[PDB]
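Student: PDB entry and its sequence, pasted below:
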Amino acid sequence: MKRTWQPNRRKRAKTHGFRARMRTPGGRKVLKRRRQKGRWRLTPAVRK
Amino acid sequence: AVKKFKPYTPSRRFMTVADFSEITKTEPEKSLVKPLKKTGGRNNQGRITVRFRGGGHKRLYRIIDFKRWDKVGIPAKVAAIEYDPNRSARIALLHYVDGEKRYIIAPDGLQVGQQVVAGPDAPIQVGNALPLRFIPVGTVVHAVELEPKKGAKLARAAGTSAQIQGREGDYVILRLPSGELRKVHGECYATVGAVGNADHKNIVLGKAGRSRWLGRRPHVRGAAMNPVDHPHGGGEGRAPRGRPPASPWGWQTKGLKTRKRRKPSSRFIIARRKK
RNA sequence: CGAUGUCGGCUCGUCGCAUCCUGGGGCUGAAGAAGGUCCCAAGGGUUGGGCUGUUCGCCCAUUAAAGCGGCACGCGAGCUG
RNA sequence: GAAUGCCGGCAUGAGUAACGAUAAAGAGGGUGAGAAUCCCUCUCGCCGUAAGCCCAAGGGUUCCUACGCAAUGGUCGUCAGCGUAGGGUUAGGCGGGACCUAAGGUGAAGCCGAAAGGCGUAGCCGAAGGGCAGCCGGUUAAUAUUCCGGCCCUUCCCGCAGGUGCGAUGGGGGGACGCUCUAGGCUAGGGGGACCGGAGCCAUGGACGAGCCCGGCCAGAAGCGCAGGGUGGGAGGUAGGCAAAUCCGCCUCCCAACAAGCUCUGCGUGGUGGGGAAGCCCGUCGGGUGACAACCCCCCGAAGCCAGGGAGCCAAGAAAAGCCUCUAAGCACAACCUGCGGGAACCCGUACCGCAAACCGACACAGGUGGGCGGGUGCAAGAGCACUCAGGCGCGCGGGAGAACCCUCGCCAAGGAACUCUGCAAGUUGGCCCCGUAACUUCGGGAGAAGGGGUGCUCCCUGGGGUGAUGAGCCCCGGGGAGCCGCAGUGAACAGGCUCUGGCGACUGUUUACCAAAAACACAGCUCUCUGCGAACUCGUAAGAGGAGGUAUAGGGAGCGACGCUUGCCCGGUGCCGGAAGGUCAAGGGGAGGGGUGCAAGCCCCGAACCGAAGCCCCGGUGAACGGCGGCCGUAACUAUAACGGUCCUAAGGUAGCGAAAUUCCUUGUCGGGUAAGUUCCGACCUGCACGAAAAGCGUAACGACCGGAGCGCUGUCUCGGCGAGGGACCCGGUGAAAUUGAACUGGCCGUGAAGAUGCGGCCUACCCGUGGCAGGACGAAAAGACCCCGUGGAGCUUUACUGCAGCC
RNA sequence: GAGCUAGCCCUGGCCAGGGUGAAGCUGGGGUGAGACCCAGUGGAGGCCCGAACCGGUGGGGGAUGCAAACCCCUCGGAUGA
RNA sequence: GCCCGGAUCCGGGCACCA
RNA sequence: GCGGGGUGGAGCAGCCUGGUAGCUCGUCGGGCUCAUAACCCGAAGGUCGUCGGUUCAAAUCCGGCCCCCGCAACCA
RNA sequence: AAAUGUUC
RNA sequence: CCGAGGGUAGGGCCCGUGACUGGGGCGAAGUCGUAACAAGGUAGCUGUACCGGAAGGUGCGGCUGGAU
RNA sequence: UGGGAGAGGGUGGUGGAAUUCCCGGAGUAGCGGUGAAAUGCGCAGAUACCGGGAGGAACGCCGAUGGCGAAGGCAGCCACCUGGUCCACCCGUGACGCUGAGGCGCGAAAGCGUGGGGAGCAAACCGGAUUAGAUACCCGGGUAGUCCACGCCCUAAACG
Ligand SMILES: CC(=O)c1cccc(N[C@H]2[C@H](N)[C@@](NC(=O)N(C)C)([C@H](C)O)[C@@](C)(O)[C@@]2(O)COC(=O)c2c(C)cccc2O)c1
Ligand SMILES: [K+]
Ligand SMILES: [Mg+2]
Ligand SMILES: [Mg+2]
Ligand SMILES: [Mg+2]
Ligand SMILES: [Mg+2]
Ligand SMILES: [Mg+2]
Ligand SMILES: [Mg+2]
Ligand SMILES: [Mg+2]
Ligand SMILES: [Mg+2]
Ligand SMILES: [Mg+2]
Ligand SMILES: [Mg+2]
Ligand SMILES: [Mg+2]
Ligand SMILES: [Mg+2]
Ligand SMILES: [Mg+2]
Ligand SMILES: [Mg+2]
Ligand SMILES: [Mg+2]
Ligand SMILES: [Mg+2]
Ligand SMILES: [Mg+2]
Ligand SMILES: [Mg+2]
Ligand SMILES: [Mg+2]
Ligand SMILES: [Mg+2]
Ligand SMILES: [Mg+2]
Ligand SMILES: [Mg+2]
Ligand SMILES: [Mg+2]
Ligand SMILES: [Mg+2]
Ligand SMILES: [Mg+2]
Ligand SMILES: [Mg+2]
Ligand SMILES: [Mg+2]
Ligand SMILES: [Mg+2]
Ligand SMILES: [Mg+2]
Ligand SMILES: [Mg+2]
Ligand SMILES: [Mg+2]
Ligand SMILES: [Mg+2]
Ligand SMILES: [Mg+2]
Ligand SMILES: [Mg+2]
Ligand SMILES: [Mg+2]
Ligand SMILES: [Mg+2]
Ligand SMILES: [Mg+2]
Ligand SMILES: [Mg+2]
Ligand SMILES: [Mg+2]
Ligand SMILES: [Mg+2]
Ligand SMILES: [Mg+2]
Ligand SMILES: [Mg+2]
Ligand SMILES: [Mg+2]
Ligand SMILES: [Mg+2]
Ligand SMILES: [Mg+2]
Ligand SMILES: [Mg+2]
Ligand SMILES: [Mg+2]
Ligand SMILES: [Mg+2]
Ligand SMILES: [Mg+2]
Ligand SMILES: [Mg+2]
Ligand SMILES: [Mg+2]
Ligand SMILES: [Mg+2]
Ligand SMILES: [Mg+2]
Ligand SMILES: [Mg+2]
Ligand SMILES: [Mg+2]
Ligand SMILES: [Mg+2]
Ligand SMILES: [Mg+2]
Ligand SMILES: [Mg+2]
Ligand SMILES: [Mg+2]
Ligand SMILES: [Mg+2]
Ligand SMILES: [Mg+2]
Ligand SMILES: [Mg+2]
Ligand SMILES: [Mg+2]
Ligand SMILES: [Mg+2]
Ligand SMILES: [Mg+2]
Ligand SMILES: [Mg+2]
Ligand SMILES: [Mg+2]
Ligand SMILES: [Mg+2]
Ligand SMILES: [Mg+2]
Ligand SMILES: [Mg+2]
Ligand SMILES: [Mg+2]
Ligand SMILES: [Mg+2]
Ligand SMILES: [Mg+2]
Ligand SMILES: [Mg+2]
Ligand SMILES: [Mg+2]
Ligand SMILES: [Mg+2]
Ligand SMILES: [Mg+2]
Ligand SMILES: [Mg+2]
Ligand SMILES: [Mg+2]
Ligand SMILES: [Mg+2]
Ligand SMILES: [Mg+2]
Ligand SMILES: [Mg+2]
Ligand SMILES: [Mg+2]
Ligand SMILES: [Mg+2]
Ligand SMILES: [Mg+2]
Ligand SMILES: [Mg+2]
Ligand SMILES: [Mg+2]
Ligand SMILES: [Mg+2]
Ligand SMILES: [Mg+2]
Ligand SMILES: [Mg+2]
Ligand SMILES: [Mg+2]
Ligand SMILES: [Mg+2]
Ligand SMILES: [Mg+2]
Ligand SMILES: [Mg+2]
Ligand SMILES: [Mg+2]
Ligand SMILES: [Mg+2]
Ligand SMILES: [Mg+2]
Ligand SMILES: [Mg+2]
Ligand SMILES: [Mg+2]
Ligand SMILES: [Mg+2]
Ligand SMILES: [Mg+2]
Ligand SMILES: [Mg+2]
Ligand SMILES: [Mg+2]
Ligand SMILES: [Mg+2]
Ligand SMILES: [Mg+2]
Ligand SMILES: [Mg+2]
Ligand SMILES: [Mg+2]
Ligand SMILES: [Mg+2]
Ligand SMILES: [Mg+2]
Ligand SMILES: [Mg+2]
Ligand SMILES: [Mg+2]
Ligand SMILES: [Mg+2]
Ligand SMILES: [Mg+2]
Ligand SMILES: [Mg+2]
Ligand SMILES: [Mg+2]
Ligand SMILES: [Mg+2]
Ligand SMILES: [Mg+2]
Ligand SMILES: [Mg+2]
Ligand SMILES: [Mg+2]
Ligand SMILES: [Mg+2]
Ligand SMILES: [Mg+2]
Ligand SMILES: [Mg+2]
Ligand SMILES: [Mg+2]
Ligand SMILES: [Mg+2]
Ligand SMILES: [Mg+2]
Ligand SMILES: [Mg+2]
Ligand SMILES: [Mg+2]
Ligand SMILES: [Mg+2]
Ligand SMILES: [Mg+2]
Ligand SMILES: [Mg+2]
Ligand SMILES: [Mg+2]
Ligand SMILES: [Mg+2]
Ligand SMILES: [Mg+2]
Ligand SMILES: [Mg+2]
Ligand SMILES: [Mg+2]
Ligand SMILES: [Mg+2]
Ligand SMILES: [Mg+2]
Ligand SMILES: [Mg+2]
Ligand SMILES: [Mg+2]
Ligand SMILES: [Mg+2]
Ligand SMILES: [Mg+2]
Ligand SMILES: [Mg+2]
Ligand SMILES: [Mg+2]
Ligand SMILES: [Mg+2]
Ligand SMILES: [Mg+2]
Ligand SMILES: [Mg+2]
Ligand SMILES: [Mg+2]
Ligand SMILES: [Mg+2]
Ligand SMILES: [Mg+2]
Ligand SMILES: [Mg+2]
Ligand SMILES: [Mg+2]
Ligand SMILES: [Mg+2]
Ligand SMILES: [Mg+2]
Ligand SMILES: [Mg+2]
Ligand SMILES: [Mg+2]
Ligand SMILES: [Mg+2]
Ligand SMILES: [Mg+2]
Ligand SMILES: [Mg+2]
Ligand SMILES: [Mg+2]
Ligand SMILES: [Mg+2]
Ligand SMILES: [Mg+2]
Ligand SMILES: [Mg+2]
Ligand SMILES: [Mg+2]
Ligand SMILES: [Mg+2]
Ligand SMILES: [Mg+2]
Ligand SMILES: [Mg+2]
Ligand SMILES: [Mg+2]
Ligand SMILES: [Mg+2]
Ligand SMILES: [Mg+2]
Ligand SMILES: [Mg+2]
Ligand SMILES: [Mg+2]
Ligand SMILES: [Mg+2]
Ligand SMILES: [Mg+2]
Ligand SMILES: [Mg+2]
Ligand SMILES: [Mg+2]
Ligand SMILES: [Mg+2]
Ligand SMILES: [Mg+2]
Ligand SMILES: [Mg+2]
Ligand SMILES: [Mg+2]
Ligand SMILES: [Mg+2]
Ligand SMILES: [Mg+2]
Ligand SMILES: [Mg+2]
Ligand SMILES: [Mg+2]
Ligand SMILES: [Mg+2]
Ligand SMILES: [Mg+2]
Ligand SMILES: [Mg+2]
Ligand SMILES: [Mg+2]
Ligand SMILES: [Mg+2]
Ligand SMILES: [Mg+2]
Ligand SMILES: [Mg+2]
Ligand SMILES: [Mg+2]
Ligand SMILES: [Mg+2]
Ligand SMILES: [Mg+2]
Ligand SMILES: [Mg+2]
Ligand SMILES: [Mg+2]
Ligand SMILES: [Mg+2]
Ligand SMILES: [Mg+2]
Ligand SMILES: [Mg+2]
Ligand SMILES: [Mg+2]
Ligand SMILES: [Mg+2]
Ligand SMILES: [Mg+2]
Ligand SMILES: [Mg+2]
Ligand SMILES: [Mg+2]
Ligand SMILES: [Mg+2]
Ligand SMILES: [Mg+2]
Ligand SMILES: [Mg+2]
């Protein structure tokens, strides 16, 4: 049946994307957090 | 009148529709329409703030002239009478001799091709607009301003009217459609006559679908819900109210007056409404 | 109670005997026939249907008779629900 | 050594279940160490509104070729979407961008908020909408509207000529719009041809035939033809379109208007450029040949094109730019328009999968995934159904055997619901044409009621329509005779069982994603109530929104729930509404009178009467507001019963109508119906445990995958089972799990034991080890019982529990 | 976190075929004129039958599944809320 | 408990209760 | 199981707070009327369900017992 | 004020 | 071919009968009231509507077959 | 042809008296009601009085033993549209007449539907009395309805 993951590149970049994060105090805290942990990807990868 | 149907479907048995006799032009004036922004009952937070709304037929907004005092002494001809999906009343298209074209709400008895005008000097005739103080005491009147130059606020619904009862200083006394007796400032404009399409209230929607066309989503009773939802929620099987009958937000809904007592306009209302 | 699934049906039985029938008896207010009542006897047998979820019970039509009870009110790693 | 401990490793169950749709395979020939599984060929089967073909998401090299087989592949593997390597994606015209706006988002100005931030007109962003210039073929192992070939077209820049008051983010027009139905004419696509072109073929009894088999087109500028869309021309006035305007709008006059003209599309033709089958050759995907291929006629014909077409209807159907026009600063050696010429034309995507083994489902997963094409025949039609074209497949374990048992299927003597909670299930019925069809009804319906007849093939006669020509042909509806065959003619496939009668809900709808589809929710309709507009109400601290660019024929809230006939009595309590009196009433006012201190002026504290809001009390109203609507005793010239009376209580004592009911405890009440028999059912009765009038009462045609009862039909439900089929189970080869598991050398009885013993006692029985089976036990497995209790454990919910808070006064 | 699901907003798309035959309109009848009756035309509808599509009624299977909701047979809606 | 009320005591009015 | 009740013939006060049983109707005797009802004037009738106990004294307070209404009888 | 009057 | 009739299916009229139910008629001396006939003690009757144990009452309009 | 009287009918408009409610003034101890009373209303300022307002309904005197109409029925006043009808004249047509089963229309009140309207009145209903009772007569309230529009119903002591 129709499952929960329904990949969509625009949706992905617009929701979790770098610019979406930077636009918000929470999003910046995420970026700050993932940088501090030293994540290789701060933001989900998506091919635009 | 109001057109009926043979019961060739269950719903068609009771459905009635407007007769549309008075309508002379079947599409609007292109330069007088802007898109109506459907809201779904949602405000700018995105929250439903008026329940049970959405999904009705798409509409175009027809720009209505609720000032009229904008064009004193410039007469106009009634070019056509048109359907307006944003109001109960029909609208009349005015070709001003000016060359300007404007919409007004169509008063009862307006005939296409006749001539109307606004101003103190205007004839007391169906379709004309004067400040209230220059209108004979006792004449029926619609599209009434409530304060000077602020726009026609009273009596705009199909069939409705106000009647001038008397005068007192800068103010005249109107009986609103509701039966309330209010003082309205004399310099406020008003169009003589009552609004057309009086048969509008005799309309039987006929079936659930028709309400939906009007953008009216199904209304669900409190009694049908759970205590989380509504004061009338829950109970095993059907239940009576079991408290004073209440709104979803708790306040009482049978009789509890809600107009603010200390409202500055209180000085101007002589007698609270009729029945 | 770190689980012993709970009524009734179905299927499959098996046991007890305080015996419903069949077999053997004594007493009879047992003429015969047919009954009553107690004794011995568990080998076999113990029907089909209407109503109800019903067990039970009532009812129809029969029957030699249409027994009663145990088996976790036998039987859901056998079914039903 | 235990923590259903944690991490790891390795056992057991076990060579067990399974190996993922029952569409299906067989052989021959290759390759190779090795082949059911890879390649080739032939035969067979499956899909064919797909299981074929294009596109968009998403995926991201999976594409092509070489070389590989450790792992991946449910087996095998020489093969592969796998490993290694090399190659492969080519655009002014296709898609997006250098264009436009939609919701929404953002946001000069501005507004708000402790901070973070929230809003916000313009503006900007935002597309699968608007706008915009490329079609056919050839080519590669792999790309092609991209490269090539042919024929076309767009914008930008410069220049030449001709022409004009040129000029914009400003004015205006246009763009620009729904649903249903639908005309004409075309095209896509299809069928037929005795006409044209073609390698051939004559078999097995017959046919050298008007035989069979194959094919008979595609693209195309200007011009032309056909079909359609759009569109009036002129003058004068002008105060409106936030400046101006010759434009647009408005007024007047003139001419002409199912025309024309002008203009734009579609289709046809068209210089020219392509394509071009079967067959048998060579291959093993393609090539060569056919072939100077032919490239014609007739019919069917779109839902697509002309398209911004037409009609009707109500629910009344984006915006903005491109584009045209008008003028403003300006500038008129400029600028624009038109024609021609030369030059200029950027960025990103382009492989491949794409109803799936490459996307979403942990899997090469019977699931899910939006758009277009989707051939032929026959069955009334059709995207249905059977078969089949192109094309694509046989589903990545096989071979046997022919048990029980399970699944899916077929048939069944006599009976025919006797089955069972229940005809659950499965029969029956089944399309079309004709005949025919009841109660009742809201006159639509109930209707496909019910019930019946017909149905194929052949010959003869014949009616009307389309196309053409008014004829031939082709095509589409029919009609009338006479016949033939079979058990049977919708001969296959697809395709209602019917009726009678109750309950509930009017009806179509909606719902507990994944145990409830219903009588629940919704619903039109009815009523109450709030709301005069900066509405009430709602969301927010606010600003600001929604309400509504609405205005009482409107908006909020509540109950009831089409319709019909109705909806009684109670206002003492609670609610809401009204009431300028009176009672209480906080802060504050007032300050009689007292006090601390000081030598004192003074400073400081307490403080009575009186004044003092809402709320509460108090006076009224109010039921489609919350709610409520009695008891005991007696009485009729038979009994029985009580129209009648007595009395206590109440705020008032249940009216109409219903009633053993979705409500009746006693209860299977009683009586009647139906049955041989009726705890159900239907009709009645009424001592209604415990109906009753908008938490509506009583009815109601129609409707219902709702729940009752009954009858006919027909049946494997059953008496009562039997046989048959296939897929499993079974055997052999390949791969090979799982929960569970203190260890086990793990029998019956009668006892005993923490009270139900393989494990203790006594007796009895018993050679060792398996395989197929069955499920009584191992208080079998699973889940730290979801019932119950306990915990001064938790959470949801309620209110006249407590205490706060928002909100309101 | 609304790429599942619920509602709404903007913008597109889809719904084989067949049936029933409302209003209207035309003609006829009717009448003082009317209502109204009749035939034809017409093509309405939360209308009927039935694919796609959306559903999920009953049963059976599945139950360490093909699948953490699936398959088969049935069955509901299918111009509309 | 106190003050405002009526013909020691019932009226009441507000307030307190460890 | 829990609450309420039992008093002239009927229906209800009195009980809580002990001493004194009352109200409407009925019944009886008189009136009025031809007579009847209604109406008017007078009167009788309760040892307070029963047996215990408390008290100087019990309808009254307390215990049993007999009745009569009401409410409950839930979780599997 | 004032209800009523057994049957032939 | 027609055809007595038999069979199946669905209608129509009529008759008998039916738990119960609705009023009607009759019945020497039942119960409750007293509506009507005298102004019948509220003039009556009336069509209708609502209501009430019952006669009846009341509203609206009519009639005199009423007032004396 | 010419004249007439009339509440004949339909529509639109308009006039004053009265009742009720509301607002203001002034005023105070009751008003109202009956057989008598009570309910009810009134110091929260009623009744009675004056001014202003709103609304609905019916039109006093004229008014009659009157007039009109087929019947039901029709009454302030104005106008409009319209029916009947009588009289004069003796002009026109030449029996064109009478009645009328069916049919069609009209048809007081009450009642019903959908909207409005709602002052007074008033079934139902509540209360106060009367009474043995009083589901009545009397009193205080009071909802349909009475009024308008449209559509039904089609009855009557629709009677002379
Ligand atoms: C004059 C006289 O004695 C008297 C007394 C009191 C009242 C009256 N007047 C009248 C009595 N109150 C009565 N009428 C009445 O009250 N009115 C306000 C008219 C009443 C409704 O029944 C009456 C019709 O009965 C009455 O007219 C006479 O009836 C009786 O009275 C009455 C009845 C019916 C039964 C017994 C006695 C009676 O008086 C009269
Ligand atoms: K429980
Ligand atoms: Mg997942
Ligand atoms: Mg999706
Ligand atoms: Mg995307
Ligand atoms: Mg996208
Ligand atoms: Mg997206
Ligand atoms: Mg982003
Ligand atoms: Mg920052
Ligand atoms: Mg990581
Ligand atoms: Mg790194
Ligand atoms: Mg991130
Ligand atoms: Mg209708
Ligand atoms: Mg209209
Ligand atoms: Mg526009
Ligand atoms: Mg926004
Ligand atoms: Mg936001
Ligand atoms: Mg709301
Ligand atoms: Mg909403
Ligand atoms: Mg309108
Ligand atoms: Mg709408
Ligand atoms: Mg609702
Ligand atoms: Mg609920
Ligand atoms: Mg919630
Ligand atoms: Mg709540
Ligand atoms: Mg509740
Ligand atoms: Mg409930
Ligand atoms: Mg509920
Ligand atoms: Mg309940
Ligand atoms: Mg309740
Ligand atoms: Mg209720
Ligand atoms: Mg309550
Ligand atoms: Mg409440
Ligand atoms: Mg008001
Ligand atoms: Mg236990
Ligand atoms: Mg365990
Ligand atoms: Mg367990
Ligand atoms: Mg014997
Ligand atoms: Mg003998
Ligand atoms: Mg025996
Ligand atoms: Mg039984
Ligand atoms: Mg029993
Ligand atoms: Mg015998
Ligand atoms: Mg057991
Ligand atoms: Mg037991
Ligand atoms: Mg058992
Ligand atoms: Mg047993
Ligand atoms: Mg068992
Ligand atoms: Mg089981
Ligand atoms: Mg069982
Ligand atoms: Mg078990
Ligand atoms: Mg078994
Ligand atoms: Mg230890
Ligand atoms: Mg373990
Ligand atoms: Mg642990
Ligand atoms: Mg092993
Ligand atoms: Mg095993
Ligand atoms: Mg498996
Ligand atoms: Mg499998
Ligand atoms: Mg497989
Ligand atoms: Mg192989
Ligand atoms: Mg091999
Ligand atoms: Mg294979
Ligand atoms: Mg091969
Ligand atoms: Mg096909
Ligand atoms: Mg198909
Ligand atoms: Mg390998
Ligand atoms: Mg190998
Ligand atoms: Mg290998
Ligand atoms: Mg592998
Ligand atoms: Mg392998
Ligand atoms: Mg696999
Ligand atoms: Mg090799
Ligand atoms: Mg190119
Ligand atoms: Mg550039
Ligand atoms: Mg752009
Ligand atoms: Mg833009
Ligand atoms: Mg954006
Ligand atoms: Mg675009
Ligand atoms: Mg393009
Ligand atoms: Mg090229
Ligand atoms: Mg020019
Ligand atoms: Mg438009
Ligand atoms: Mg559009
Ligand atoms: Mg073409
Ligand atoms: Mg064809
Ligand atoms: Mg101008
Ligand atoms: Mg201008
Ligand atoms: Mg070729
Ligand atoms: Mg050649
Ligand atoms: Mg088009
Ligand atoms: Mg429509
Ligand atoms: Mg200049
Ligand atoms: Mg110059
Ligand atoms: Mg660039
Ligand atoms: Mg660049
Ligand atoms: Mg690029
Ligand atoms: Mg490409
Ligand atoms: Mg697709
Ligand atoms: Mg694939
Ligand atoms: Mg999964
Ligand atoms: Mg596979
Ligand atoms: Mg798959
Ligand atoms: Mg067919
Ligand atoms: Mg296969
Ligand atoms: Mg075998
Ligand atoms: Mg058989
Ligand atoms: Mg049968
Ligand atoms: Mg039979
Ligand atoms: Mg049966
Ligand atoms: Mg069939
Ligand atoms: Mg009919
Ligand atoms: Mg049939
Ligand atoms: Mg044949
Ligand atoms: Mg069918
Ligand atoms: Mg329903
Ligand atoms: Mg329902
Ligand atoms: Mg569910
Ligand atoms: Mg659930
Ligand atoms: Mg769930
Ligand atoms: Mg669930
Ligand atoms: Mg289910
Ligand atoms: Mg359903
Ligand atoms: Mg509902
Ligand atoms: Mg209704
Ligand atoms: Mg809020
Ligand atoms: Mg708005
Ligand atoms: Mg309801
Ligand atoms: Mg009350
Ligand atoms: Mg009250
Ligand atoms: Mg109250
Ligand atoms: Mg104070
Ligand atoms: Mg106060
Ligand atoms: Mg009620
Ligand atoms: Mg109460
Ligand atoms: Mg009751
Ligand atoms: Mg009553
Ligand atoms: Mg009643
Ligand atoms: Mg009963
Ligand atoms: Mg019964
Ligand atoms: Mg019972
Ligand atoms: Mg029972
Ligand atoms: Mg009974
Ligand atoms: Mg109720
Ligand atoms: Mg009912
Ligand atoms: Mg009916
Ligand atoms: Mg019904
Ligand atoms: Mg019905
Ligand atoms: Mg249904
Ligand atoms: Mg259903
Ligand atoms: Mg049944
Ligand atoms: Mg069988
Ligand atoms: Mg087999
Ligand atoms: Mg072997
Ligand atoms: Mg394991
Ligand atoms: Mg051991
Ligand atoms: Mg061992
Ligand atoms: Mg051993
Ligand atoms: Mg023991
Ligand atoms: Mg033992
Ligand atoms: Mg042993
Ligand atoms: Mg031992
Ligand atoms: Mg031993
Ligand atoms: Mg033994
Ligand atoms: Mg076992
Ligand atoms: Mg066991
Ligand atoms: Mg077991
Ligand atoms: Mg479990
Ligand atoms: Mg635990
Ligand atoms: Mg536990
Ligand atoms: Mg548990
Ligand atoms: Mg317990
Ligand atoms: Mg505690
Ligand atoms: Mg404790
Ligand atoms: Mg707690
Ligand atoms: Mg809690
Ligand atoms: Mg509030
Ligand atoms: Mg999404
Ligand atoms: Mg149709
Ligand atoms: Mg139909
Ligand atoms: Mg299903
Ligand atoms: Mg499952
Ligand atoms: Mg399935
Ligand atoms: Mg279906
Ligand atoms: Mg259908
Ligand atoms: Mg007492
Ligand atoms: Mg005498
Ligand atoms: Mg007497
Ligand atoms: Mg004493
Ligand atoms: Mg004593
Ligand atoms: Mg409980
Ligand atoms: Mg008497
Ligand atoms: Mg015969
Ligand atoms: Mg009398
Ligand atoms: Mg009388
Ligand atoms: Mg009288
Ligand atoms: Mg009575
Ligand atoms: Mg009365
Ligand atoms: Mg009268
Ligand atoms: Mg005073
Ligand atoms: Mg008024
Ligand atoms: Mg006549
Ligand atoms: Mg009337
Ligand atoms: Mg009374
Ligand atoms: Mg009396
Ligand atoms: Mg009485
Ligand atoms: Mg009414
Ligand atoms: Mg009448």
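Tutor: That came through, no problem. Numbering: from 1, shown residues only, chains lettered A, B, ... in the order given. Ligands and ions are numbered 1, 2, ... in the order given.

Student: From residue B:144, how far out is the most centrally placed residue in chain B?
Tutor: Centroid check for chain B by Cα atoms, centre = their mean gives residue B:157 as the closest residue, at 3.2 Å. Counting by Cβ to Cβ, to the nearest Å, the gap from residue B:157 to residue B:144 is 12 Å. (Each C-beta comes from the backbone N, C-alpha and C, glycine too.)

Student: coming back round to it: which residue comes closest to the residue nearest to the centre of chain B once chain neighbours are left out?
Tutor: Once flanking residues are discounted, residue B:157 sits nearest to residue B:88: 5.1 Å by Cβ to Cβ, 6 or more residues apart in numbering or on different chains.

Student: Could you pull up the residues touching that neighbour?
Tutor: B:157-159, B:197, B:200 (Cβ atoms under 8 Å, 6 or more residues apart in numbering or on different chains).

Student: and it, what helix or strand is that in?
Tutor: Counting by DSSP states H and E, there is no helix or strand that carries residue B:88.

Student: helix/strand/coil for the residue nearest to residue B:6 when sequence neighbours are not counted?
Tutor: Nearest non-adjacent residue to residue B:6, counting by Cβ to Cβ, 6+ apart: residue B:12, 7.0 Å away. Assigned with DSSP: H, G, I helix; E, B strand; the rest coil, residue B:12 falls in the helix class.

Student: from memory residue B:12 sits against residue B:3, does it?
Tutor: No - when contacts are counted by Cβ atoms under 8 Å, residue B:12 is not listed as touching residue B:3 (11.6 Å).

Student: Give the burial count for residue B:192, as a bare number.
Tutor: When neighbours are counted by other Cβ atoms under 10 Å in any protein chain shown, residue B:192 registers 24.

Student: List the beta-bridge partners for it.
Tutor: When assigned by DSSP bridges, residue B:192 has beta-bridge partners residue B:141.

Student: What's the separation between it and RNA strand E?
Tutor: 35 Å (Cβ to the nearest atom of the strand, to the nearest Å).

Student: Surely residue B:166 touches residue B:174?
Tutor: No - Residue B:166 is beyond contact range of residue B:174, at 9.5 Å (criterion: Cβ under 8 Å).

Student: Need the residues touching each of these two.
Tutor: Between them, residue B:166 and residue B:174 share no contacting residue, judged by Cβ under 8 Å, 6+ apart.

Student: related to what we said a few turns ago, just checking, the residue nearest to the centre of chain B is part of a helix?
Tutor: No - assigned with three-state DSSP, residue B:157 falls outside any helix and is coil.

Student: and it, what does it touch?
Tutor: Counting by Cβ under 8 Å, 6+ apart, residue B:157 has contacts B:87-89, B:177, B:195.
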